[PDB]
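Below you will find one chain, with nothing else, as structure tokens; this is the form deposited in one PDB entry, and questions on how it binds or moves follow later.
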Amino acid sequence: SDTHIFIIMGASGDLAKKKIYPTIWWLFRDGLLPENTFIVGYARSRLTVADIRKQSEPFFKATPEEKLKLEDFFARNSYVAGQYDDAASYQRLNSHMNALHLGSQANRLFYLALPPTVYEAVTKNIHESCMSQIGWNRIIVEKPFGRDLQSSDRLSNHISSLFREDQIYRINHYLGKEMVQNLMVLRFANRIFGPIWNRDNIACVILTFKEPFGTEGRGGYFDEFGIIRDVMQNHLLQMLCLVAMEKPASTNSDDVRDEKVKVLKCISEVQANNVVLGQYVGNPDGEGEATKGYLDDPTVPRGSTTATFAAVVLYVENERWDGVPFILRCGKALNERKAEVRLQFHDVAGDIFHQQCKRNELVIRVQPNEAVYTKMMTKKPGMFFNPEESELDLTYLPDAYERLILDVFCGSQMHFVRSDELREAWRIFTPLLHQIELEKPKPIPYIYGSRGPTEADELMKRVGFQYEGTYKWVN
């Protein structure tokens, strides 16, 4: 078995200490990492391994039973202090990596837990000095991947000029979730969902990502990006790609991402008449943080028109999806947390039940709870021939971040955004973002803890989604 080096650049970061070190700790605890794996930190701060332990222990969730295993894990941890644009520091880091046991032929896995501003310099210096000559070299890149098409293209071209596509792992936490990964099996392993997954049967597709909390203090970081860049551009667009994607030639990462980019290439730029933007305000009847609006945050610049809610309608102009509205819906400070995929089917042609039938709906809920159910019509128990709404419910381990790190280790790139997919997403959403920043349109206020602006429901009804509300469900 080959040896591996997990280089954590910016190991002093909050993201590092709270998510990366605990994740590799759990992976080593479960015996999932390669046996010969060395964790090497790298940041400008003068820190030590004890200095690390002190900062990472309360997030480690370490019970006293496995203190020996924790000591064994932290034995292989090491830290190098250096600057992100200092060739001498990068040479020192490379020398230290070669100083570890069998470090010259080790597989190098650099995790860039850094702000995007230093990504170019870090990648350039890594490619210059710290690349292994025998093993592979894979780089984990964190969002944001630029703020528009031009900046994203600049960063992507800089990274791609040095590293191959198989060496770049743009990490998205949402792509590793079980229901998100179950979408391909649900679609392509079942005959029941095959013939109906087209424009001849589906009336509209609704993709939802709701959060019940606001900016909760760190509103200044969210102000410069907005909800479209936060959620719509990546989460909902990956959901759309999985829902609308053709069947791949195989389960290979290249084939899956080829289908995803092919679907993305058939989407036109978003227009402002298909977009509803909202910004949450305080709830006087609420408790705690519900009473504070988006602008009530001191870190948020005054007079900000950043949208905390967005509802856009996309169209995939291909054979399978021509004319089917794809409604992307997300927001913050909403009434509940939910990540959902909903397919509303057309009315049954030649209805013989006197307009009593409702549209079939297939729902794939990703969170809070995993649930795949289809709403369908069934005969009402009684005397007359009246259908009523019913439902078929689907009846029925490392977490998503751990599986993503294991995917980087094992070379599976199907859960990571490719360069062409990123370019297509940015080209889809860039004219709208440019118009928004140029004109500063006022978002529609909505009360903290509500469902959002009513204009979103109006847009859904206009594009084709008919909400009934008469469907009653009991657990």
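All residue numbers are counted from 1 along the displayed sequence. Take the two forms, find the largest set of C-alpha atoms that superpose within 1.5 Å, and that set is the rigid core.
Another form exists, deposited in another entry; not displayed. Remarks below refer to it.
Student: Scan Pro381, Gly303, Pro298, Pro284 for the one whose CA shifts by 2 Å or more between the shown form and the other one after superposing the rigid core, and name it.
Tutor: One residue passes the 2 Å cut-off, namely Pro381.
Student: Can a Cα shift of no less than 2 Å be assigned to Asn198 between the shown form and the other one, given superposition on the rigid core?
Tutor: Result for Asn198: no, shift under 2 Å.
Student: Comparing between the shown form and the other one on the rigid core, is the C-alpha shift at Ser390 2 Å or larger?
Tutor: It does, since the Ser390 C-alpha is displaced 2 Å or more between the shown form and the other one after the core fit.
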